[PDB]
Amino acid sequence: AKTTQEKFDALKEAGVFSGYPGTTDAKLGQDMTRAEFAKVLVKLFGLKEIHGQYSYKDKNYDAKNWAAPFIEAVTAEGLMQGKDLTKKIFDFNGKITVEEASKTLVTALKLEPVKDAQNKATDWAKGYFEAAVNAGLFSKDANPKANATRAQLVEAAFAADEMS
């Protein structure tokens, strides 16, 4: 079985994840913004980027924001809808959590949420986290509410790619 690092290298060659300048360190212990994760989802699932459209009101969510085409693409695909509908806030600088990642991947893979699922996830997410655990995207001992580490995102993305 491939290590996290070998899984990363594969995803990177494929354009789905990136490294950092001037180092081979993949920084598997660090976190990831929701903007970057939207981009991961686009590259992982082969989605079309949507230019010149803005469905959120966050400060600096505009045409100069490199993430908008990715954010719009995952929004149009129904994978993500942001954090509150009435102010139209996506939170692109906020970090992706393991339960949030679970929802997007389970949805994209067309897997079904677990009903009556019992776990430590926020109420809205319990079914998606559990489904994700069952499909081997995250380990059952991951904290649904924590920022997902890049290592966790790599293992999820890799597993997701294998399933798709």
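One rule holds for the numbers: they count along the sequence shown, beginning at 1. What we label the rigid core is the largest C-alpha set whose atoms superpose within 1.5 Å from one form to the other.
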With the rigid core as the fit anchor, does 22-30 or 127-135 show bigger C-alpha shifts in 4 other deposited structures of this protein?
22-30
Once everything is fitted on the core, do the CA positions of 137-145 or those of 12-20 lie farther from the shown form in 4 other deposited structures of this protein?
12-20
Would you mind comparing 13-21 and 143-151 for me and telling me which has the higher average C-alpha temperature factor in the entry?
13-21
With reference to the PDB entry, specify whether the mean Cα temperature factor is higher for 61-69 or for 36-44.
61-69
Using only the C-alpha B-factors in the record, can you name which of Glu112, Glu49, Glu100, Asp31 has the highest?
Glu112
Out of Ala117, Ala26, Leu105, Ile96, which one has a C-alpha B factor higher than all the others in the entry?
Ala117
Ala76: CA temperature factor from the record, placed by chain third, in the middle
Of the three thirds of Cα B-factor ranks in this chain, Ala157 occupies the lowest
